[PDB]
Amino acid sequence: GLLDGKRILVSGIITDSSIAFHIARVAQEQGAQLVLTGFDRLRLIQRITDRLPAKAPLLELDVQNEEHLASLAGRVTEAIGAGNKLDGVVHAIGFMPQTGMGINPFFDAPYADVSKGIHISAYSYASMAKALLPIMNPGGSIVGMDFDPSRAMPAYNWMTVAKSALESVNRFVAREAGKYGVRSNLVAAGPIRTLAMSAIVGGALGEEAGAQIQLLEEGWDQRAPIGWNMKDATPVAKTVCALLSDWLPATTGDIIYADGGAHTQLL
């Protein structure tokens, strides 16, 4: 397996359609031993992760909670056994209050809402790296999930701003992670039909936002030289596993696009 013998922490599972669920599945298919972290609904997350190929300990982590972060490394060391360190960390965490996304006008998101979204979606990449680098092995790899924010787009609004901040944060965590012989990169994925995204396309954040996002999805597949299947997270999971492996050993502070090549084409 691509990740035989590696110990990898995977955050961000909430449903069986989470990108992180597929990352976790693929990583286990490839020989990795996982520790999972979950937010708020631990009983649900446990029930979901029971469906993974192998059992994995689940630890609670609210990235906005200082105590959770302070205790994190000790709790992971307990789960993987003293004397063992992590080889990989997956940040698959993102949130923006609905005032910051969709039909709510861009100028009407109050800063308390965007700040919460930036905390969870961007700053937390640094928080997690701070927590976990002390328990990571040389040759290790930290990976986060990105959605290409280099051009503005309808509806995504402040979440795009949050992703712009995340990409900047990633370049700084690579500097810190380098002192540990650890890489830090993001995977920029094409749009994926997670539960939240399905609800949004169905109009959860207003009809016009739903319509624009559906339009956005169609253009993506059309632009992608090898196509893009929003219903299939596995090509993105495989990409994260590539970065977790020893096979991109000279890539750090960087962004790998798992998007069908859509960002390389105009029409």
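Note that residue numbering begins at 1 and tracks the sequence as displayed.
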property	result
Mean temperature factor over C-alpha atoms, higher-scoring stretch between 74-82 and 113-121	74-82
Between 168-176 and 190-198 (mean CA B-factor, as deposited), the higher	190-198
C-alpha B-factor winner, where the candidates are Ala242, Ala224, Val236, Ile213	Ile213
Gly94, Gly102, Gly144, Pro149, ranked by C-alpha B-factor: the highest one	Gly102
Cα B factor band for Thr160 (lowest, middle or highest third within the chain)	lowest
Third assignment of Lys6 from its chain's C-alpha B-factors	highest
Chain third (lowest, middle, highest) by recorded CA B-factor, residue given as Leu267	highest
CA B-factor placement of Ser184, once the chain's modelled residues are sorted into thirds	lowest
Third of the chain, ranked by Cα B-factor, where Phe39 sits	highest
